[PDB]
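J.: Contents of model_27.cif (mmCIF, N, CA and C atoms and all ligand atoms):
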data_coords
#
loop_
_atom_site.label_atom_id
_atom_site.label_comp_id
_atom_site.auth_asym_id
_atom_site.auth_seq_id
_atom_site.Cartn_x
_atom_site.Cartn_y
_atom_site.Cartn_z
N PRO A 1380 -9.33 14.92 8.30
CA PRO A 1380 -9.14 13.56 8.84
C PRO A 1380 -8.44 13.57 10.20
N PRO A 1381 -8.71 12.58 11.07
CA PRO A 1381 -8.00 12.53 12.36
C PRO A 1381 -6.48 12.38 12.19
N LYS A 1382 -5.72 12.68 13.24
CA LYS A 1382 -4.26 12.60 13.24
C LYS A 1382 -3.75 11.23 12.80
N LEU A 1383 -4.31 10.16 13.36
CA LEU A 1383 -3.90 8.80 13.04
C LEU A 1383 -4.17 8.46 11.58
N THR A 1384 -5.25 9.00 11.00
CA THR A 1384 -5.59 8.78 9.59
C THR A 1384 -4.56 9.44 8.69
N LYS A 1385 -4.19 10.68 9.00
CA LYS A 1385 -3.17 11.40 8.23
C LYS A 1385 -1.83 10.67 8.30
N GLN A 1386 -1.46 10.17 9.50
CA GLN A 1386 -0.21 9.43 9.68
C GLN A 1386 -0.18 8.16 8.83
N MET A 1387 -1.26 7.37 8.86
CA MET A 1387 -1.33 6.14 8.08
C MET A 1387 -1.32 6.41 6.59
N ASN A 1388 -1.99 7.49 6.17
CA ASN A 1388 -2.01 7.86 4.76
C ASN A 1388 -0.62 8.26 4.30
N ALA A 1389 0.13 8.99 5.13
CA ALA A 1389 1.50 9.39 4.79
C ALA A 1389 2.42 8.17 4.74
N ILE A 1390 2.24 7.23 5.68
CA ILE A 1390 3.04 6.02 5.73
C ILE A 1390 2.81 5.15 4.49
N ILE A 1391 1.54 4.88 4.16
CA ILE A 1391 1.21 4.04 3.01
C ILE A 1391 1.52 4.74 1.70
N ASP A 1392 1.41 6.08 1.65
CA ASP A 1392 1.77 6.81 0.44
C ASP A 1392 3.27 6.73 0.17
N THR A 1393 4.10 6.71 1.22
CA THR A 1393 5.55 6.56 1.07
C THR A 1393 5.85 5.19 0.44
N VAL A 1394 5.19 4.15 0.93
CA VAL A 1394 5.33 2.79 0.42
C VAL A 1394 4.86 2.68 -1.04
N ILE A 1395 3.66 3.20 -1.35
CA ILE A 1395 3.08 3.19 -2.70
C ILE A 1395 3.97 3.90 -3.69
N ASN A 1396 4.39 5.13 -3.37
CA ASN A 1396 5.18 5.95 -4.27
C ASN A 1396 6.65 5.62 -4.33
N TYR A 1397 7.13 4.68 -3.50
CA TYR A 1397 8.54 4.29 -3.50
C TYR A 1397 9.00 3.82 -4.88
N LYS A 1398 10.07 4.41 -5.35
CA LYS A 1398 10.66 4.04 -6.62
C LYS A 1398 12.10 3.62 -6.39
N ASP A 1399 12.61 2.68 -7.20
CA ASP A 1399 14.02 2.32 -7.12
C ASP A 1399 14.86 3.43 -7.80
N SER A 1400 16.20 3.28 -7.90
CA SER A 1400 17.04 4.31 -8.53
C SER A 1400 16.70 4.56 -10.00
N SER A 1401 16.05 3.60 -10.67
CA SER A 1401 15.66 3.77 -12.08
C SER A 1401 14.30 4.45 -12.28
N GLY A 1402 13.57 4.71 -11.20
CA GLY A 1402 12.26 5.32 -11.28
C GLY A 1402 11.11 4.32 -11.32
N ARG A 1403 11.41 3.02 -11.16
CA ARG A 1403 10.38 1.99 -11.17
C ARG A 1403 9.65 1.97 -9.84
N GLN A 1404 8.32 2.09 -9.89
CA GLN A 1404 7.49 2.05 -8.70
C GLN A 1404 7.31 0.59 -8.28
N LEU A 1405 7.92 0.19 -7.17
CA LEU A 1405 7.86 -1.19 -6.69
C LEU A 1405 6.45 -1.69 -6.36
N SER A 1406 5.57 -0.80 -5.90
CA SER A 1406 4.23 -1.18 -5.48
C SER A 1406 3.25 -1.41 -6.61
N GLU A 1407 3.55 -0.98 -7.84
CA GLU A 1407 2.58 -1.02 -8.94
C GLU A 1407 1.87 -2.37 -9.12
N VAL A 1408 2.56 -3.51 -9.00
CA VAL A 1408 1.87 -4.81 -9.17
C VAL A 1408 1.05 -5.20 -7.95
N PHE A 1409 1.26 -4.55 -6.80
CA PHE A 1409 0.56 -4.83 -5.55
C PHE A 1409 -0.65 -3.92 -5.27
N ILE A 1410 -0.92 -2.94 -6.15
CA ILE A 1410 -2.03 -2.00 -5.94
C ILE A 1410 -3.35 -2.73 -5.95
N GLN A 1411 -3.52 -3.63 -6.92
CA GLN A 1411 -4.78 -4.33 -7.08
C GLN A 1411 -4.55 -5.81 -7.22
N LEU A 1412 -5.29 -6.60 -6.47
CA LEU A 1412 -5.23 -8.05 -6.53
C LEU A 1412 -5.63 -8.52 -7.90
N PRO A 1413 -5.06 -9.64 -8.38
CA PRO A 1413 -5.56 -10.19 -9.65
C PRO A 1413 -6.99 -10.70 -9.43
N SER A 1414 -7.84 -10.70 -10.47
CA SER A 1414 -9.18 -11.27 -10.30
C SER A 1414 -9.02 -12.80 -10.12
N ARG A 1415 -9.97 -13.45 -9.45
CA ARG A 1415 -9.91 -14.90 -9.25
C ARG A 1415 -9.91 -15.63 -10.60
N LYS A 1416 -10.60 -15.08 -11.61
CA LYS A 1416 -10.64 -15.66 -12.94
C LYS A 1416 -9.30 -15.53 -13.70
N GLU A 1417 -8.57 -14.42 -13.52
CA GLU A 1417 -7.28 -14.17 -14.20
C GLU A 1417 -6.14 -14.97 -13.59
N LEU A 1418 -6.18 -15.22 -12.27
CA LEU A 1418 -5.09 -15.92 -11.59
C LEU A 1418 -5.63 -16.75 -10.44
N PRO A 1419 -6.35 -17.85 -10.74
CA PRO A 1419 -6.92 -18.67 -9.66
C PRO A 1419 -5.88 -19.29 -8.73
N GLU A 1420 -4.68 -19.61 -9.23
CA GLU A 1420 -3.61 -20.16 -8.37
C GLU A 1420 -3.21 -19.19 -7.26
N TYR A 1421 -3.47 -17.88 -7.42
CA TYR A 1421 -3.20 -16.91 -6.37
C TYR A 1421 -4.10 -17.20 -5.17
N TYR A 1422 -5.39 -17.44 -5.44
CA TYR A 1422 -6.38 -17.71 -4.41
C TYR A 1422 -6.31 -19.12 -3.83
N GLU A 1423 -5.62 -20.04 -4.50
CA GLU A 1423 -5.42 -21.38 -3.97
C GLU A 1423 -4.31 -21.34 -2.89
N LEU A 1424 -3.30 -20.48 -3.06
CA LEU A 1424 -2.17 -20.37 -2.14
C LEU A 1424 -2.34 -19.30 -1.06
N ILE A 1425 -3.02 -18.21 -1.39
CA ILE A 1425 -3.17 -17.09 -0.46
C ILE A 1425 -4.51 -17.13 0.25
N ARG A 1426 -4.49 -17.40 1.56
CA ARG A 1426 -5.70 -17.50 2.38
C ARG A 1426 -6.36 -16.16 2.63
N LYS A 1427 -5.57 -15.08 2.82
CA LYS A 1427 -6.12 -13.75 3.10
C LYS A 1427 -5.56 -12.72 2.12
N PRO A 1428 -6.08 -12.71 0.88
CA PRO A 1428 -5.57 -11.75 -0.11
C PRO A 1428 -5.82 -10.31 0.29
N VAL A 1429 -4.83 -9.47 0.03
CA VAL A 1429 -4.92 -8.05 0.33
C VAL A 1429 -4.07 -7.29 -0.69
N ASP A 1430 -4.49 -6.08 -1.02
CA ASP A 1430 -3.75 -5.22 -1.93
C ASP A 1430 -3.62 -3.82 -1.32
N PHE A 1431 -2.86 -2.92 -1.95
CA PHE A 1431 -2.71 -1.57 -1.41
C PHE A 1431 -4.01 -0.77 -1.47
N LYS A 1432 -4.89 -1.05 -2.44
CA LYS A 1432 -6.20 -0.39 -2.49
C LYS A 1432 -7.04 -0.77 -1.26
N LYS A 1433 -6.97 -2.03 -0.83
CA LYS A 1433 -7.70 -2.49 0.34
C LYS A 1433 -7.15 -1.85 1.61
N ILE A 1434 -5.83 -1.72 1.70
CA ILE A 1434 -5.19 -1.07 2.84
C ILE A 1434 -5.59 0.42 2.90
N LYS A 1435 -5.62 1.10 1.75
CA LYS A 1435 -6.06 2.50 1.70
C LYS A 1435 -7.54 2.61 2.11
N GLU A 1436 -8.36 1.63 1.72
CA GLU A 1436 -9.78 1.61 2.08
C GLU A 1436 -9.93 1.43 3.60
N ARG A 1437 -9.10 0.57 4.20
CA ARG A 1437 -9.15 0.33 5.63
C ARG A 1437 -8.65 1.53 6.42
N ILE A 1438 -7.69 2.29 5.88
CA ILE A 1438 -7.24 3.53 6.52
C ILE A 1438 -8.38 4.55 6.42
N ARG A 1439 -8.95 4.72 5.22
CA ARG A 1439 -10.01 5.68 4.93
C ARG A 1439 -11.22 5.45 5.83
N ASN A 1440 -11.61 4.18 6.02
CA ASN A 1440 -12.77 3.86 6.84
C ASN A 1440 -12.43 3.53 8.30
N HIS A 1441 -11.25 3.95 8.78
CA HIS A 1441 -10.81 3.86 10.18
C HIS A 1441 -10.88 2.45 10.75
N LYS A 1442 -10.47 1.47 9.95
CA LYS A 1442 -10.49 0.07 10.37
C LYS A 1442 -9.27 -0.33 11.18
N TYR A 1443 -8.17 0.40 11.05
CA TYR A 1443 -6.97 0.13 11.83
C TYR A 1443 -7.05 0.97 13.10
N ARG A 1444 -7.03 0.33 14.26
CA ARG A 1444 -7.09 1.06 15.53
C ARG A 1444 -5.72 1.59 15.98
N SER A 1445 -4.63 1.08 15.40
CA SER A 1445 -3.28 1.49 15.76
C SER A 1445 -2.34 1.31 14.57
N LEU A 1446 -1.12 1.88 14.64
CA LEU A 1446 -0.13 1.68 13.59
C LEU A 1446 0.26 0.20 13.46
N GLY A 1447 0.18 -0.55 14.57
CA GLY A 1447 0.44 -1.98 14.61
C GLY A 1447 -0.52 -2.75 13.72
N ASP A 1448 -1.81 -2.34 13.71
CA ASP A 1448 -2.84 -2.96 12.87
C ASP A 1448 -2.52 -2.71 11.40
N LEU A 1449 -2.07 -1.50 11.06
CA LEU A 1449 -1.71 -1.16 9.68
C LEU A 1449 -0.51 -2.01 9.26
N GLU A 1450 0.49 -2.10 10.14
CA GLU A 1450 1.69 -2.89 9.89
C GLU A 1450 1.36 -4.35 9.62
N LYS A 1451 0.43 -4.92 10.39
CA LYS A 1451 0.03 -6.31 10.19
C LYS A 1451 -0.50 -6.56 8.78
N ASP A 1452 -1.30 -5.62 8.25
CA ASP A 1452 -1.84 -5.77 6.90
C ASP A 1452 -0.79 -5.54 5.82
N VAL A 1453 0.17 -4.62 6.05
CA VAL A 1453 1.25 -4.41 5.07
C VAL A 1453 2.17 -5.64 5.07
N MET A 1454 2.45 -6.20 6.25
CA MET A 1454 3.26 -7.41 6.37
C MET A 1454 2.54 -8.61 5.77
N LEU A 1455 1.20 -8.66 5.87
CA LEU A 1455 0.41 -9.72 5.25
C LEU A 1455 0.54 -9.60 3.73
N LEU A 1456 0.45 -8.39 3.18
CA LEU A 1456 0.57 -8.18 1.73
C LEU A 1456 1.93 -8.69 1.23
N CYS A 1457 2.99 -8.31 1.93
CA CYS A 1457 4.36 -8.70 1.60
C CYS A 1457 4.56 -10.22 1.77
N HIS A 1458 3.98 -10.80 2.82
CA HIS A 1458 4.03 -12.24 3.06
C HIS A 1458 3.31 -12.99 1.93
N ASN A 1459 2.17 -12.47 1.48
CA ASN A 1459 1.42 -13.08 0.38
C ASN A 1459 2.23 -13.00 -0.91
N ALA A 1460 2.86 -11.85 -1.16
CA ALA A 1460 3.70 -11.65 -2.35
C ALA A 1460 4.88 -12.62 -2.35
N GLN A 1461 5.51 -12.83 -1.19
CA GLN A 1461 6.61 -13.76 -1.07
C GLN A 1461 6.15 -15.20 -1.18
N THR A 1462 4.96 -15.51 -0.65
CA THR A 1462 4.40 -16.85 -0.75
C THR A 1462 4.10 -17.20 -2.21
N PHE A 1463 3.43 -16.30 -2.94
CA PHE A 1463 3.06 -16.59 -4.32
C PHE A 1463 4.21 -16.49 -5.32
N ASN A 1464 4.99 -15.40 -5.27
CA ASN A 1464 6.03 -15.18 -6.25
C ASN A 1464 7.29 -15.96 -5.96
N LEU A 1465 7.99 -16.36 -7.03
CA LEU A 1465 9.20 -17.16 -6.91
C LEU A 1465 10.24 -16.47 -6.08
N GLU A 1466 10.93 -17.22 -5.23
CA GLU A 1466 12.04 -16.66 -4.44
C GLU A 1466 13.14 -16.18 -5.41
N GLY A 1467 13.74 -15.03 -5.13
CA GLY A 1467 14.77 -14.48 -6.00
C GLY A 1467 14.24 -13.67 -7.17
N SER A 1468 12.92 -13.76 -7.45
CA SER A 1468 12.32 -12.99 -8.53
C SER A 1468 12.26 -11.50 -8.15
N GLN A 1469 12.11 -10.62 -9.15
CA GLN A 1469 12.00 -9.18 -8.89
C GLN A 1469 10.84 -8.84 -7.95
N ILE A 1470 9.65 -9.41 -8.17
CA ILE A 1470 8.47 -9.15 -7.34
C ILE A 1470 8.67 -9.57 -5.88
N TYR A 1471 9.26 -10.75 -5.66
CA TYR A 1471 9.55 -11.29 -4.33
C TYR A 1471 10.48 -10.32 -3.58
N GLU A 1472 11.56 -9.87 -4.24
CA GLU A 1472 12.54 -8.97 -3.65
C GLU A 1472 11.95 -7.59 -3.40
N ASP A 1473 11.10 -7.11 -4.32
CA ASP A 1473 10.44 -5.82 -4.17
C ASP A 1473 9.56 -5.80 -2.92
N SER A 1474 8.88 -6.93 -2.60
CA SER A 1474 8.05 -6.97 -1.40
C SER A 1474 8.91 -6.93 -0.13
N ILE A 1475 10.14 -7.49 -0.17
CA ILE A 1475 11.04 -7.40 0.99
C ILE A 1475 11.47 -5.94 1.17
N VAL A 1476 11.79 -5.25 0.08
CA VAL A 1476 12.15 -3.83 0.13
C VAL A 1476 11.01 -3.01 0.71
N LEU A 1477 9.77 -3.23 0.24
CA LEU A 1477 8.61 -2.49 0.73
C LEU A 1477 8.34 -2.71 2.21
N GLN A 1478 8.70 -3.88 2.79
CA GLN A 1478 8.56 -4.11 4.23
C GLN A 1478 9.44 -3.11 5.00
N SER A 1479 10.67 -2.91 4.52
CA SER A 1479 11.65 -2.01 5.11
C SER A 1479 11.27 -0.55 4.89
N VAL A 1480 10.71 -0.24 3.71
CA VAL A 1480 10.22 1.11 3.40
C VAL A 1480 9.06 1.45 4.36
N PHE A 1481 8.17 0.47 4.62
CA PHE A 1481 7.08 0.68 5.56
C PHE A 1481 7.60 0.94 6.96
N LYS A 1482 8.54 0.12 7.44
CA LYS A 1482 9.05 0.27 8.80
C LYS A 1482 9.75 1.60 9.01
N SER A 1483 10.56 2.05 8.04
CA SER A 1483 11.22 3.35 8.15
C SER A 1483 10.20 4.48 8.07
N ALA A 1484 9.16 4.34 7.22
CA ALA A 1484 8.12 5.37 7.11
C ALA A 1484 7.32 5.49 8.41
N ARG A 1485 7.00 4.35 9.04
CA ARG A 1485 6.28 4.34 10.31
C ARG A 1485 7.08 5.07 11.39
N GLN A 1486 8.39 4.82 11.44
CA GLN A 1486 9.25 5.49 12.42
C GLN A 1486 9.42 6.98 12.14
N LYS A 1487 9.55 7.36 10.87
CA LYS A 1487 9.70 8.76 10.47
C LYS A 1487 8.44 9.58 10.80
N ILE A 1488 7.26 9.04 10.49
CA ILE A 1488 6.01 9.75 10.67
C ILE A 1488 5.46 9.68 12.11
N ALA A 1489 5.63 8.54 12.78
CA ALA A 1489 5.16 8.41 14.16
C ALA A 1489 6.14 7.63 15.03
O1 LIG B 1501 1.45 -11.21 -4.38
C1 LIG B 1501 1.10 -10.57 -5.36
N1 LIG B 1501 1.46 -10.97 -6.59
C2 LIG B 1501 1.08 -10.22 -7.78
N2 LIG B 1501 -0.14 -9.43 -7.70
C3 LIG B 1501 -0.53 -8.95 -6.42
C4 LIG B 1501 -1.52 -7.98 -6.30
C5 LIG B 1501 -1.83 -7.44 -5.06
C6 LIG B 1501 -1.16 -7.87 -3.93
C7 LIG B 1501 -0.18 -8.83 -4.03
CL1 LIG B 1501 0.66 -9.25 -2.57
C8 LIG B 1501 0.17 -9.41 -5.27
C9 LIG B 1501 -0.70 -9.30 -8.98
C10 LIG B 1501 -1.82 -8.56 -9.39
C11 LIG B 1501 -2.16 -8.56 -10.73
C12 LIG B 1501 -1.42 -9.26 -11.68
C13 LIG B 1501 -1.80 -9.30 -13.14
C14 LIG B 1501 -1.84 -7.92 -13.81
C15 LIG B 1501 -2.13 -8.06 -15.30
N3 LIG B 1501 -3.40 -8.78 -15.51
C16 LIG B 1501 -3.37 -10.14 -14.92
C17 LIG B 1501 -3.11 -10.05 -13.42
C18 LIG B 1501 -0.30 -9.97 -11.25
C19 LIG B 1501 0.06 -10.00 -9.91
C20 LIG B 1501 1.23 -10.71 -9.25
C21 LIG B 1501 1.16 -12.25 -9.35
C22 LIG B 1501 1.62 -12.81 -10.69
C23 LIG B 1501 3.01 -12.31 -11.05
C24 LIG B 1501 3.06 -10.79 -11.07
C25 LIG B 1501 2.61 -10.22 -9.73
ZN ZN B 1502 -13.58 9.48 8.53
#
Please express what this file holds, its structure, as structure tokens.
T.:
Amino acid sequence: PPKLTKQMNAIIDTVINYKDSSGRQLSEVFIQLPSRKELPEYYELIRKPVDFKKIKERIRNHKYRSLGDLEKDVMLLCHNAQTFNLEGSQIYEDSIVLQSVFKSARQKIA
């Protein structure tokens, strides 16, 4: 894979595999979007749904032209998670943590 592809894969893998001190993987509920039939209220509130599988697909198929493009989609995922999930809830807070994990990973790798 090209250099930029390896960098994005390492950045997103750091975010995906991030665990809290108890070993809980924060990204697990964000890997795959709920189906429209299982959670229609998700699609009523979220205009541009995205999950970590979609982000990995966009890295794999070279859809991000820069690290900034990758960041925009990770920030969109976190923004969608904060929009849908209750403020103060574990999922809402986990998406704030993952924004910071992404930013530190982007700086560490590139
Ligand atoms: O904002 C999100 N929000 C969550 N999910 C997301 C998936 C991908 C990206 C994002 Cl950013 C989210 C998501 C997915 C599946 C379920 C379930 C998995 C079990 N069977 C039914 C669908 C749930 C969820 C929640 C919403 C409901 C509360 C838990 C987290
Ligand atoms: Zn390729």
J.: Name the residues, by chain letter and number, that sit within 7 Å of ligand ZN 1502 (chain B) using only C-alpha atoms and all ligand atoms, and give them as a count of residues only.
T.: 4
J.: Restricting the calculation to all atoms listed in the file: of A:1469, A:1489, A:1452, A:1463, which residue gets closest to residue 1421 (chain A)?
T.: A:1463
J.: Can you list every residue of chain A that has an atom at most 8 Å from ligand LIG 1501 (chain B), with its nearest atom pair and the distance in Å to one decimal, using all atoms listed in the file, ordered by chain then number, as CSV?
T.:
residue,atom,partner,partner_atom,distance
A:1407,C,B:LIG1501,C4,7.1
A:1408,C,B:LIG1501,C4,4.1
A:1409,CA,B:LIG1501,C5,3.6
A:1410,N,B:LIG1501,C5,4.7
A:1411,C,B:LIG1501,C5,3.8
A:1412,CA,B:LIG1501,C4,3.7
A:1413,N,B:LIG1501,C10,3.6
A:1414,N,B:LIG1501,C17,5.6
A:1417,CA,B:LIG1501,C16,5.7
A:1418,N,B:LIG1501,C17,6.1
A:1421,CA,B:LIG1501,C21,7.0
A:1428,C,B:LIG1501,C6,6.7
A:1429,C,B:LIG1501,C6,4.4
A:1430,CA,B:LIG1501,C6,4.2
A:1431,N,B:LIG1501,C5,5.6
A:1432,N,B:LIG1501,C5,7.6
A:1455,C,B:LIG1501,CL1,6.3
A:1456,C,B:LIG1501,CL1,4.0
A:1457,N,B:LIG1501,CL1,5.2
A:1458,C,B:LIG1501,CL1,6.4
A:1459,C,B:LIG1501,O1,4.0
A:1460,CA,B:LIG1501,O1,3.1
A:1461,N,B:LIG1501,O1,5.4
A:1462,N,B:LIG1501,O1,6.7
A:1463,CA,B:LIG1501,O1,5.6
A:1464,N,B:LIG1501,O1,5.6
A:1465,N,B:LIG1501,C23,7.6
A:1470,CA,B:LIG1501,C25,6.4
A:1471,N,B:LIG1501,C25,7.8
A:1474,CA,B:LIG1501,CL1,7.8
J.: Using CA of residue 1402 (chain A) and CA of residue 1433 (chain A) as the two end points, give the distance in Å to one decimal.
T.: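 Taking CA of residue 1402 (chain A) and CA of residue 1433 (chain A), their separation equals 24.4 Å.
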J.: Compile the contact shell of residue 1396 (chain A) as a count of residues only: residues with an atom at most 7 Å away, counting all atoms listed in the file, same-chain residues fewer than 4 positions apart removed.
T.: 5
J.: Using only N, CA and C atoms - which residues lie no farther than 6 Å from the point (4.2, 0.3, 11.8) in the file's frame? Write them as a PyMOL selection string.
T.: chain A and resi 1446-1447+1449-1450+1481-1482+1485
J.: Show me, as JSON, the centre and edge lengths in Å to one decimal of the axis-aligned box that covers every listed atom of region 1450-1468 of chain A with 6 Å on each side.
T.:
{"center_x": 6.5, "center_y": -9.7, "center_z": 0.9, "size_x": 28.6, "size_y": 27.1, "size_z": 30.9}
J.: When you draw a straight line from CA of residue 1453 (chain A) to CA of residue 1467 (chain A), how long is it in Å?
T.: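 Taking CA of residue 1453 (chain A) as the start and CA of residue 1467 (chain A) as the end point, the length is 20.2 Å.
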J.: Taking the backbone alone, and naming residues the way the document does, which bits of chain A are helix (DSSP H, G or I) by DSSP, as number ranges by chain?
T.: A: 1382-1396, 1405-1409, 1419-1424, 1431-1439, 1446-1463, 1469-1488
J.: Provide the CA of residue 1478 (chain A) to atom N of residue 1403 (chain A) distance in Å, to one decimal place.
T.: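 Between CA of residue 1478 (chain A) and atom N of residue 1403 (chain A) the gap is 17.2 Å.
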J.: So, with all atoms listed in the file as the atoms that count, which of A:1436, A:1424, A:1483, A:1445 lies closest to residue 1390 (chain A)?
T.: A:1483
J.: Please determine, counting only C-alpha atoms, which residue among A:1395, A:1434, A:1425, A:1480 has the shortest atom-to-atom distance to residue 1451 (chain A).
T.: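 Result for the nearest residue to residue 1451 (chain A): A:1434.
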